[PDB]
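In: first piece of the complex, coordinates kept as in the full assembly:
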Amino acid sequence: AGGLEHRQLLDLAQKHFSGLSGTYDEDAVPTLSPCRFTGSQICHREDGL
C-alpha cells in the first residue's frame, strides 16, 4: 500500500516468490476445529499490589 502500481508488484512477486511450495504435502493440512467455551472464574490473590 502506498505509491506503487499493481503490475510491478505482481512481476516482482513472480520473480522472488515462485519457489514456495503449495502442494500440501501428504495430508499435512492443519485445519482448525470448533473450540469449547466454558463459563468459569480464575482469581489470583496478591494483596501486596
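Out: Perfect, thanks for sending it. Residues are numbered from 1 along each chain as shown, chains lettered A, B, ... in the order given.

In: could you count how many residues lie near residue A:43?
Out: Other residues within reach of residue A:43 by the criterion other CB atoms under 10 Å amount to 4. Quick note: C-beta positions are derived from backbone N, CA and C, even for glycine.

In: residue A:48 in helix, strand or coil?
Out: Judged by DSSP: H, G, I helix; E, B strand; the rest coil, the three-state class of residue A:48 is coil.

In: quick one: contacts for it?
Out: Neighbouring residues of residue A:48 by CB atoms under 8 Å, 6 or more residues apart in numbering: there are none.

In: give me the distance between it and residue A:32.
Out: Look at residue A:48 and residue A:32: by CB to CB, to the nearest Å, they are 40 Å apart.

In: over to residue A:46?
Out: Separation of residue A:46 from residue A:32 (CB to CB) stands at 35 Å.

In: then residue A:38?
Out: Taken as CB to CB, the spacing of residue A:38 relative to residue A:32 amounts to 18 Å.

In: here is chain B, add it in:
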Amino acid sequence: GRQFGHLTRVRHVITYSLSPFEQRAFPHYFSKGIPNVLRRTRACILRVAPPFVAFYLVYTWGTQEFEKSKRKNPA
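Out: One more piece, chain B, placed on the ones above:
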C-alpha cells in the same frame, strides 16, 4: 462491621472454579460417597458408642432388678 475487602492478607494463591451449568450436581453420589461415609463412621464409632452401650446395660439391669423386686418371695 466486618465486610469483604480487608478481612485478612493473602498472597500467591490461585483459585479455579467451574460454572454450575457446566457440571453435574451428583457426580459420584454412590460410587465414592459410600466409602467416604464408611470411613467417617469407622472413625467416629469408637469415640461415640461405649457410653451409650453402658447406658443400655444400665437400663436393662435396672429394669430387670425392679421387676424382680416387685414380685413376692416365699416365706
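
In: chain B added, so what about the neighbour count of residue A:43 now?
Out: By other CB atoms under 10 Å in any protein chain shown, 9 other residues sit near residue A:43.

In: helix, strand or coil: sort out it for me.
Out: Going by three-state DSSP: residue A:43 is strand.

In: doesn't residue B:15 make contact with it?
Out: Yes. Checked against CB atoms under 8 Å, the pair residue A:43 and residue B:15 is within contact range at 4.7 Å.

In: which stretches in chain B count as strands?
Out: When secondary structure is read from DSSP state E, chain B shows strands at B:11-18.

In: most proximal residue of it with respect to chain A?
Out: When CB to the nearest CB is the measure, chain B has its nearest residue to chain A at residue B:19, with 3.6 Å between them.

In: what's the closest non-adjacent residue to that residue?
Out: On the basis of CB to CB, 6 or more residues apart in numbering or on different chains, the spatially nearest residue to residue B:19 that is not a chain neighbour turns out to be residue A:39, at 3.6 Å.

In: same check, this time on residue B:14
Out: residue A:44 (5.2 Å).

In: can you count the residues close to that neighbour?
Out: If we define neighbours as other CB under 10 Å, then residue A:44 has 10 of them.
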